[PDB]
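We begin with a single chain expressed as structure tokens, specifically the form deposited in one PDB entry.
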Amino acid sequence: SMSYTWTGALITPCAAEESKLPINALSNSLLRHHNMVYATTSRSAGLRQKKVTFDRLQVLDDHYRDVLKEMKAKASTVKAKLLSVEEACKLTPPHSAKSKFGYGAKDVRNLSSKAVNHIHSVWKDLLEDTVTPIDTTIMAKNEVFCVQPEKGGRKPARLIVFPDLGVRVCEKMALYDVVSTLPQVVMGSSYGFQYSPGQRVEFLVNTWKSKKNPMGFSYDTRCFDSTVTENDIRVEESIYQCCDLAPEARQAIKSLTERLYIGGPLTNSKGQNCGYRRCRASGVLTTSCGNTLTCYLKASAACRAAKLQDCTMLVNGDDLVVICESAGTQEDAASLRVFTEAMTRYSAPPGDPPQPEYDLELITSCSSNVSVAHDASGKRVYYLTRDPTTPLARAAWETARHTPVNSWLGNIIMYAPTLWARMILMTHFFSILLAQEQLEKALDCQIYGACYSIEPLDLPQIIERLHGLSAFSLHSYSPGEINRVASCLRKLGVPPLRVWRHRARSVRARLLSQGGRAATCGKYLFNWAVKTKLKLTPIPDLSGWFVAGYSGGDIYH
């Protein structure tokens, strides 16, 4: 069936949308090529609609079924709990979109009687009705990128489809525990979201080593959400249903599946019917877990069809990477063809054809790749990095405009060991925080789809716990990484690293003069900017981070 059916009504914005990079007095210090940065708007919704609207056909064989039976077997060992209303409420983001029934995220977090009462009615309705399609709002996402000449210029906005706040709280009650625990049990070490960036690197490295003659490839399916069929979504539900669940949760999960996850009508911000959906909704609690399960199932079955030996996979939603025993350059390239053919049969055709790789560092998954640097003792060490183009473009935007999500902070946290994050991101933003005296001001960022509220003064401890003390001492990066960064800076008109090192000394001195937690930031985050280093000793914090992905899941911590 068709992924979507449209009425003709436009995807409308809910507020004024900016497309050009906002500019203030701080802009030029970071980036000069302003015309290269842009944000997507509803204005390009039509283009996206065309890319994501197509017919899906599925041909399921024994390998698919065999894999599924195995997945259900592990799933049946899972026991999930129903979340109370108060519990679900506290998982709601302070700035989550308000309900159309008279209450917002604040009312939900405070457990207002109005909010709580409506939630109870929605829940009761889920239990009493398993057939009425639930409404959803389709919106065009506003995201910042750098123009990509060798791609088509600018990317059209991505679409987000989500149900009302009341329904969103109900999803949490019925499936938060499920989507938080099931994946790791079913997929084991292949479930990507259970790792911090350092553990991810470690798992890729040990997996690569575990093979006599390693070979790996990333597999990117075209518009994964749109390739997800009704069958896929019902298979996802049969898996959830394998868990030891409370009778009330089974009914709720069956209801949400039939009424929301399988598909439903699309309404714009103006309240007009835009059409109907028959594929994965990007804005529901099961988006990450569902995509991950479906991707793991199709790829695992595809590996058997292609006869790839000793296949170890790493899955993060729709992002797939596979490492296995090479049977030879020629044999490997042939297998990939079969793999891709099977994936296609399963309704997961490729965007960019997959290609075998024999150098772990040349594989990009989740927009990242492993690279090498050296620690204090001079030891060779691996860490996760990525092309800094998008992170820098977003930093530029956030430099002049406050946003709901601070990507620079999320990036410093996730890529703390990187050359670009340490020299540019940290230097630039701490300078800004210093000038405004907002070092102690908590900021919202996003990690694995979940929203976290974090004080930059806490960066030192956060980084140490996540990446180890070594993150404050890496040096001698690879020529490849150095050149990618230096090249990206010229592309965007960003001052060269030598300028950043000079600025860091100042920011460092400034942080030190303020003593306390600020000084710790200066001492640890910027020890790389001094000629003669300090010792750097552990720093004298709850982390329920890195357990599951919640992209588009409306989750807060």
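Just count from 1 along the sequence shown to find any residue number.
One more form of this protein exists, namely the form solved in complex with a small molecule; it is left out here, but the text below deals with it.
**Student:** Check each of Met423, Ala342, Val78, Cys89 and return the one that places a heavy atom within 4.5 angstroms of the small molecule in the deposited bound form.
**Tutor:** Result of the distance check: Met423.
**Student:** Just to be sure I understand the contacts: of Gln148, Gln438, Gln355, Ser476, which is the one whose heavy atoms reach within 4.5 angstroms of the small molecule in the deposited bound form?
**Tutor:** Partner contact (heavy atom, 4.5 Å) among the options: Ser476.
**Student:** Since the chain is shown here on its own, which stretch among 130-138, 179-187, 480-488, 325-333 would lie within 4.5 Å of the small molecule in the deposited bound form, judged by heavy atoms?
**Tutor:** The contacting stretch here is 480-488.
**Student:** Establish, in the deposited bound form, whether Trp6, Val52 and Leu159 all lie within 4.5 Å of the small molecule, using non-hydrogen atoms for the distance.
**Tutor:** Checked in the deposited bound form: no contact with the small molecule for any of the three.
**Student:** Since only the chain is shown here, I'm wondering whether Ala115 would be in contact with the small molecule in the deposited bound form (any heavy atom pair within 4.5 Å).
**Tutor:** Contact check for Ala115: no, nothing within 4.5 Å of the small molecule in the deposited bound form.
**Student:** Using 4.5 Å between non-hydrogen atoms, is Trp528 touching the small molecule in the deposited bound form?
**Tutor:** The answer is yes: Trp528 has a heavy atom within 4.5 Å of the small molecule.
**Student:** Evaluate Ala519 for contact with the small molecule in the deposited bound form, applying a 4.5 angstroms cut-off between non-hydrogen atoms, and reply yes or no.
**Tutor:** It does not: once the small molecule is placed as it appears in the deposited bound form, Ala519 has no heavy atom within 4.5 Å of it.
**Student:** Within a 4.5 Å heavy atom cut-off, is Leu419 in contact with the small molecule in the deposited bound form?
**Tutor:** Flag for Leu419 set to yes.
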